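Okay, so here's the structure we're looking at.
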Amino acid sequence: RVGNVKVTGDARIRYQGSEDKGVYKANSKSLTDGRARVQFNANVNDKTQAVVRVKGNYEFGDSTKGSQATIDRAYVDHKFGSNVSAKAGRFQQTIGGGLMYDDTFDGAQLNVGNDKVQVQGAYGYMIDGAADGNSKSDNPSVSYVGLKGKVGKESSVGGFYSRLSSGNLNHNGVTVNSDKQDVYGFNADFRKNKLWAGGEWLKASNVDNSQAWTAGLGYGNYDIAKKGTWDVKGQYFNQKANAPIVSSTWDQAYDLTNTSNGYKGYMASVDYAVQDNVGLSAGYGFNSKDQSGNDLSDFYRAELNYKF
Amino acid sequence: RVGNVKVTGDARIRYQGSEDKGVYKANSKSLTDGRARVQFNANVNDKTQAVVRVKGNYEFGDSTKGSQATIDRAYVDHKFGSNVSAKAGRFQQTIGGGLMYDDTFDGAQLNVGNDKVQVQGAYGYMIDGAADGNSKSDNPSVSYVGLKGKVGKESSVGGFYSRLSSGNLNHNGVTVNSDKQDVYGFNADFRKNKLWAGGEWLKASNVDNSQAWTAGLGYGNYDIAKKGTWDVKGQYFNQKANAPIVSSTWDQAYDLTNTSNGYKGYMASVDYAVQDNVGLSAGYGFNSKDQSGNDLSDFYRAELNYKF
Amino acid sequence: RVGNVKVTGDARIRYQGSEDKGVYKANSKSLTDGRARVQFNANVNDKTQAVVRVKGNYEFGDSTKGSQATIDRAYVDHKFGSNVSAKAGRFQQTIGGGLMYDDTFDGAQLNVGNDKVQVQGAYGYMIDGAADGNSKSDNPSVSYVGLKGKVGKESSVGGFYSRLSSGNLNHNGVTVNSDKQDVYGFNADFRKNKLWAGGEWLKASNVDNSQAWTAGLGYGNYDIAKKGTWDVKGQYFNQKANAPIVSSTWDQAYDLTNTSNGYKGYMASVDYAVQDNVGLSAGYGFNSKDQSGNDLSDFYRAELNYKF
């Protein structure tokens, strides 16, 4: 009865809030929602594997529509030896350290690794974030190349260079057409014992006021599979008005789709594995301001993550 | 290749009809449809489990839209010992004996059992029935507490008290805003040998003409997993105009969404397991009348249930 | 952890193009898309099985909407002995050799085989093709009976007779109501060693200019599960203006929904299994013309199929 497909997944019960209305839910300052994902990992052969993930989001109490299931991921991974790998279809792409974009991606990905230095090249389109709601003609294409070297036993540094074509992006709720963008950046990720010190800087060369950077300190040994593991970190975000932030890997409430004059503030988050494969995560963004000094709304998070 | 997720499901081919048009399908007196559900039961750890169910409904011959898959269930079950259990997310809630509501429920559920007496407390929102099509602000919240005691070896009696906040409910196809409702009720379920005698009574204290009750007799040993098992029962429904019937557990064609002056009539249903995990079910509602004596339309059912 | 359900599926990355715009994508002459399907094969009992398939289509770069998951197949298969089989629900029906229709089908199917001669009878509605977008009342019902005999060790010939009721079909993008149609046809499928020579002819007796036929030659031993297997074939299509072509089993770009005066041209396609359960398929339709001699647009195909 067993085949080549292995079924995994996760469940999440998340709470989001803010001191002002509209940050997470329209005309309100709170949002409680749940997520259920089921992933099918299939072994096509010894060197080829295919991953299909079905995802469903619902809001607690929202019965206007059902929780429609959408194919979040659909891609095939090829292992062309021991150092070369390739992806094609609908997968997850991390542009740089994830500050610019870490979300769904349609296209192809090429990997050339050496266990101490890694080269990744991706060509395709972004799906979520400011790239959401764009047709194929209106969606800018991303030609991304990235370098990642291991500076220590587990610390790593790297950089990237990306090229975005003309397309429509969501700027403060308004889709505007932008010219070509050449986005380059660098990142660092140091991890000594339990201490963590990471940072990332990115900028679009041709667009002014496009600089965005982040930096944070952490301490912990969090692992959702191990009970009792905990983590604490506090990171600072400084992104300008024209900084390309489509779907960031971090949990700040402000990106290109929500801000018209950039974002600048701190965020403290904690993690705790209450049980095995069960983790409690909380976050609190404070001192949120625009690049002109205008105060923004403080935001806070609390979610429960179940892994199976 | 095996993980923590076990895949189950069911399939149904159902036929519904009536002597008048509009009871089941608009502008017609018949409805043939099929249902396919796939459920993923996952063991997060020794004391935590998560259930995700994907459901798809289609009509025989309706090709206007595809059979969109919706996440019917998405919840996590915790076992806090041997007597305390907890649920959270999108699950199934039975308010009382199921006459008032037995369908999808967003919120949290707490269980305290003793193997002879059980206490269940739920807080959240109803999704299907008269609560369908309501946003989070317009969906009334349910604060439900229920008691269930075992009066015999397998017979049981119980009661419940529910509190519904202000919200919009579907009354005869029209969504009207209602004030707070305090719904209380009692039920009995006697099962001696093969004979079954059950009944339920519920009423909203502050709303007049809100009384609803049912009673039925049965005889059989139906079990879909066992071939040759059969069941027959005949039950009578008497629900008034303002009686809260959102999504009843029984198969009467008339509830709050379809009736403007209540429902009152009999219903005879039969069950038969033609094969293992295959069951043939039929039903026939007759003598359907309003609370004022106006005749309603007789309805009849026939479905095939496949379990896997 | 293992149950009665076995999980299979497939993934596809397809490219389609033409010399004229609108053949595959509106206002463009190209279309790159991907497909991911997950099928759940369940054993209800020793003689009953149920199949549920979840399907998701996405376009590379189209982020206007998510890849909604739809239940492509939902049906139950019964084995009433060793020669009689039955299907019910949403399955795949091949009307004749597949030239007229080979796609989703709602209804019931009966099979009576003898390992050398087979009789198949289906009653229901077509879902895809020219039958897409039709409600239950507007969808014509198909009463189909088919005969298939084995003329050689692996060659086979057969025929069919179909009866279509009044209903709406998509004719060149316009849904028109048509009277009853009695469609009959014959087919032949010869397979000697690696050579293949097949053909099919169909016609609606009461509709004029409803004749449609195809013929092709092939050579290969293609099997996606075996690496290195390859196939080549070239087939010719001659279908008239009123010929019923709802969802053909072949890959010609022109059918009843796209053509107003029929289709007539050649098509050469190749297959190659680059890896185990991975296959590369290409096609090229050329010399496309109408039944009046007006030139149509040449089309070409290229897809990658992954099986798991």
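Ordering of the structure tokens sets the chain letters (A, B, ...), residue numbers begin anew at 1 in every chain, and ligands are numbered from 1 in the order given.
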
Shell around residue 36 (chain A) at 8 Å using only C-alpha atoms, local window under 3 positions removed, as a compact mmCIF listing (two decimals) with C-alpha atoms, in the first residue's frame:
# COMPACT_ATOMS: atom_id res chain seq x y z
CA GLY A 9 2.38 18.91 6.76
CA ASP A 10 1.86 21.50 9.46
CA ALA A 11 -0.89 23.41 11.23
CA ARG A 12 -0.82 26.95 12.63
CA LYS A 55 -2.49 24.89 1.59
CA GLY A 56 -5.64 26.27 3.19
CA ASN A 57 -6.17 29.51 5.13
CA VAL B 52 -6.98 18.00 8.21
CA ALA B 74 -8.41 21.76 10.35

Chain C contacts to chain A at 10 Å (only C-alpha atoms) as a PyMOL selection string: chain C and resi 2-13+31-38+41-43+54-70+225+275-278+306-308

Residue 282 (chain A) environment, 7 Å, only C-alpha atoms, sequence neighbours closer than 5 positions dropped, as an MDAnalysis selection string: chainID A and resid 269:271 301:303

Which parts of region 109-244 of chain C does DSSP call strand (DSSP E) when run on the backbone here, written out as a VMD selection string? chain C and resid 109 to 113 117 to 126 141 to 149 156 to 164 167 to 171 174 to 178 181 to 192 195 to 204 212 to 220 230 to 239
